[PDB]
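Engineer: this one's sequence-less:
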């Protein structure tokens, strides 16, 4: 408005002063934050997300309660490196059988070990161990291998797959399977050698990565413990740094391509960093706000938002081609789009904050702060453009393509001419999207406790494939893991979406085991829990309470509940009082617990969560039946993973609803005349769901990362649609028909093209830079981009649908 125009004139008058007032702020923020704390440093690679679903609290509580109270025959602790049935390892095994190349590679690794990660021992052996008894020789003839294979097969009696005297060799085989009957060949070689013994330090790990690159007979996979976590940290460091740098480069390239701005555009990128600085600053005061993925989404979001802003500025410059006053008016029009984008981002933050996840919450905060930062950036960017106008050059690229804009215009025209046809195509795509959500199915599960895939690093990727080949070689060192207990210490988690330990010592509502009431209550618990857990199988059937009453009735003694509890605690004859129990030791008190095995533990939570839910209901009914109904947290280790998945699903849904709120807020910010962009926003959301489904087409499993990506994507898509939205809004009054839609699409097409290029660049740079560390994020970004472009072409058909029939 007038005052807004006045601020614009204030900026125009301060084409340099205004810019300084922001660039300096960025610098100061960078310094203060750097000095105050080392925010860029990340404590851990793991997300550690807290589900917060009435069960996550119980789990955290159980955790807290428990916490309250010949030569070189290296063991498993020594970092093992096994390569089996691989093209690289295959060459090694074939040459080992012929020229003994594998043995030489192992020796070379030992030589590298002497330098670092080396009393020091030469090397553990799997294949060299067999012939080692006869003699240690790098020659490695075939006759020795044949004899070794014969003894390996002779060891079928002890383990089906002399021979007993080679006990150490037998252990070697245990470590290296599928090399006896199959033989020492390219087929499942399973190196399994220990170059370093008991070495989880980071420096040996770094050397291990290079060693894994066959820099020191080709070895495919190697492993390291403890050192693996350090490697993952290094992965987050180097890989994310590279992808981010590439992102900045692409953004700069795009800026020059669109606006041919060599300093102001660069200043926009620097402004993105400034924004990150502001976010970091404000967040630090309110909380730690640290998460690796938070940084990843931060860089991605910044790239996209800044891209949008630059797109806005460029659109204004194109419309420009008093002049400063009209420039200001264009600044206002674009400011609307900037505001729309910011709205999308902020609501995205709201989505990630609704579901409290140690990871999702941080991403949300970074997004929100960076978003408001992007708004101030929308201002500064405008100032940057103003300065560009104030000065061209030091004191030159024509940047013009023949009929390119016209070519896009014609593309918009063709899309518009077949308004009915394109509309049908989009609707069909929407139907296909919903179908995908149905079939194969929206819900997905992770294949393990930590994550379905938890190795983004290449060397770590080899280590993961090694983990699988190890599962083949060595048995995974699953069974049921339920454990009902006495109570809950703190149902409320660490205050406000904060990853922390709310309490250290347990707590429970003061309840006493009334001799007649409690014993029978525990007995009933044992009976029903027997019907659910025992399942006619032998596994921790005895209950710390019923067994106690039994031992007491057998001992016949020496207010029965208190005395009996005291006697049992004093005695604890069987299984040391069932291992952990009576955690209420601060004062003489009796606590209860029970490790059960009702159902098998499954990595996937499709049914594992079904079982946890069934058990949850059974426990709920049991608690209902109990007369004192004293709260007891019946948590299970598996219940935690199931909850993580449940929370991920809850977050996705809450995010979608939040997206509904985003669309509503957008139209509320962009719809005062007759009609509303809600129809369009809904179409966009459908496109977002379509993108999610497309990710499924990419087989991206449903995981925390997948969730965060779905959120950021909802944002990117909303911004894409925002342009067309504001346009249709403005054009309806002017022509109210396919003609208005044509012109609106004409102006929109430019924005669409720019945003498309921006997203494509960010996604491409990020996905290739990291081999699965953040590749899922880049792929998701690309998916969002594709769905966005599709939705872009369909955006205008939406307007057509808005036109009266």
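Structural biologist: Happy to help now that I have it. Residues are numbered from 1 along each chain as shown.
Engineer: from here on, contacts and neighbour counts on C-alpha atoms
Structural biologist: Will do.
Engineer: can you tell me how far the residue nearest to the spatial centre of the chain sits from residue 662?
Structural biologist: Centroid-nearest residue in the chain, with Cα atoms, centre = their mean: residue 705, separated by 2.7 Å. Residue 705 is 21 Å from residue 662, where distance means Cα to Cα, to the nearest Å.
Engineer: Now do the same contact list for the residue nearest to the centre of the chain.
Structural biologist: Contacts for residue 705 (Cα atoms under 8 Å, 6 or more residues apart in numbering) come out as 293, 776, 777.
Engineer: Likewise for residue 128?
Structural biologist: 103, 136 are the contacts of residue 128 under Cα under 8 Å, 6+ apart.
Engineer: ditto for residue 302
Structural biologist: Contacts of residue 302 by Cα under 8 Å, 6+ apart are 272, 276, 370, 374.
Engineer: Show the contacting residues for the third one.
Structural biologist: Taking Cα under 8 Å, 6+ apart as the definition of contact, the neighbours of residue 370 are 275, 276, 278, 279, 298, 302.
Engineer: Please identify the helix or strand for the last one.
Structural biologist: In this structure, residue 302 is located in helix 292-320 according to DSSP states H and E.
Engineer: what's the neighbour count on the closest residue to residue 714 other than its chain neighbours?
Structural biologist: Once flanking residues are discounted, residue 714 sits nearest to residue 688: 5.7 Å by Cα to Cα, 6 or more residues apart in numbering. Residues within reach of residue 688, counting by other Cα atoms under 10 Å, total 29.
Engineer: what sits up against the stretch of helix or strand residue 688 belongs to?
Structural biologist: Per DSSP H and E, residue 688 falls inside helix 678-697. For helix 678-697, contacts defined as Cα under 8 Å, 6+ apart pick out 429-430, 432-434, 436-437, 442, 659-660, 663-664, 667, 710, 713-714, 717-718, 721, 725, 779-780, 783-784, 786-788, 791, 795, 798-799, 802.
Engineer: Next SSE downstream of it?
Structural biologist: helix 704-734.
Engineer: That next one to helix 292-320, inter-axis angle?
Structural biologist: Here the directions of helix 704-734 and helix 292-320 differ by 20 degrees (axes from the mean of the first three to the mean of the last three Cα atoms, to 10 degrees).
Engineer: Report the buried residues of helix 704-734.
Structural biologist: Residues of helix 704-734 classed as buried under the neighbour-count rule (16 or more other Cα atoms under 10 Å) are 704-729, 731-732.
Engineer: Then stretch 106-123?
Structural biologist: Under 16+ other Cα under 10 Å, the buried positions of stretch 106-123 are 106-113, 117-118, 121-123.
Engineer: In helices only, show me those.
Structural biologist: With helices taken from DSSP state H, the overlap with the buried residues of stretch 106-123 comprises 106, 107, 108, 109, 110, 111, 112, 113.
Engineer: Surely the fifth one and residue 121 touch.
Structural biologist: Which is residue 110. No: here residue 110 lies out of contact with residue 121, judged by Cα atoms under 8 Å, at a distance of 9.1 Å.
Engineer: now for the host helix or strand of residue 467, which elements pack on it?
Structural biologist: Take DSSP H and E as the rule and residue 467 turns out to sit in helix 458-473. Helices and strands touching helix 458-473, by 3 or more Cα pairs under 8 Å, 6 or more residues apart in numbering; DSSP states H and E, are helix 227-259.
Engineer: So what angle separates the directions of the helix it packs on and helix 292-320?
Structural biologist: 0 degrees.
Engineer: Which segments of the chain make up each domain?
Structural biologist: Following automatic domain parsing, one finds the domains of the chain at 1-36+236-400, 87-224.
Engineer: mind putting those domains in CSV, distance to residue 526 included?
Structural biologist: As requested, the domains of the chain are exported to CSV (distance: least, Cα to Cα, whole Å):
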stretch, distance to residue 526
domain 1-36+236-400, 35
domain 87-224, 40
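Engineer: closest one to residue 629 among those?
Structural biologist: For those, the distance to residue 629 is smallest for domain 1-36+236-400, at 28.7 Å, taking Cα to Cα.
Engineer: how far does the closest one sit from the chain's center?
Structural biologist: Taking Cα atoms, centre = their mean, to the nearest Å, one finds domain 1-36+236-400 lying 25 Å from the centre of the chain it belongs to.
Engineer: Identify the residues contacting residue 150.
Structural biologist: Going by Cα under 8 Å, 6+ apart, residue 150 touches residue 180.
Engineer: So which bits of the helix or strand harbouring it are buried?
Structural biologist: Element membership for residue 150, per DSSP H and E: helix 142-154. For helix 142-154, the neighbour count (16+ other Cα under 10 Å) marks 145, 148, 149, 151, 152, 153, 154 as buried.
Engineer: now the closest residue to the first one other than its chain neighbours, what's its secondary structure?
Structural biologist: When you say that, I think you mean residue 145. Excluding its sequence neighbours, the residue lying closest to residue 145 (Cα to Cα, 6+ apart) is residue 131, at 7.0 Å. For residue 131, the assignment made with DSSP: H, G, I helix; E, B strand; the rest coil gives helix.
Engineer: related to what we said a few turns ago, enumerate the positions of the helix holding residue 302 that are buried.
Structural biologist: Across helix 292-320, burial judged by 16+ other Cα under 10 Å covers 292-317.
Engineer: Can you name the element that comes right after that helix?
Structural biologist: Per DSSP H and E, helix 292-320 leads on to helix 323-354 as the next helix or strand towards the C-terminus.
Engineer: Check which helices and strands that following helix sits against.
Structural biologist: Counting contacts by 3+ Cα pairs under 8 Å, 6+ apart, helix 323-354 is packed against helix 2-13, helix 292-320, helix 358-390, helix 637-670, helix 704-734.
Engineer: Just send those back as TSV, with distance to residue 745 too.
Structural biologist: What follows is the helices and strands packed on helix 323-354, written out as TSV (distance: least, Cα to Cα, whole Å):
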stretch	distance to residue 745
helix 2-13	27
helix 292-320	14
helix 358-390	23
helix 637-670	17
helix 704-734	7
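Engineer: if we can go back for a sec, adding distance to residue 345, write the buried residues of helix 142-154 out as JSON lines.
Structural biologist: Output for the buried residues of helix 142-154, formatted as JSON lines (distance: Cα to Cα, whole Å):
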{"residue": "145", "distance to residue 345": "64"}
{"residue": "148", "distance to residue 345": "65"}
{"residue": "149", "distance to residue 345": "63"}
{"residue": "151", "distance to residue 345": "66"}
{"residue": "152", "distance to residue 345": "63"}
{"residue": "153", "distance to residue 345": "64"}
{"residue": "154", "distance to residue 345": "67"}
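Engineer: and of these, the nearest to residue 493?
Structural biologist: For the buried residues of helix 142-154, the residue nearest residue 493 by Cα to Cα is residue 152; the value is 55.3 Å.
Engineer: Excluding chain neighbours, give the residue nearest to the closest one in space.
Structural biologist: Using Cα to Cα, 6+ apart and skipping the chain neighbours, the partner closest in space to residue 152 is residue 180 (5.2 Å).
Engineer: pretty sure that neighbour is touching residue 146, no?
Structural biologist: No: contact criterion Cα under 8 Å: residue 180 and residue 146 do not qualify, at 9.8 Å.
Engineer: isn't there a helix covering the residue nearest to residue 152?
Structural biologist: No: according to three-state DSSP, residue 180 belongs to no helix; its state is coil.
Engineer: check contacts around it.
Structural biologist: Residue 180 is in contact with 149, 150, 152, 153, 161, 173, counting by Cα under 8 Å, 6+ apart.
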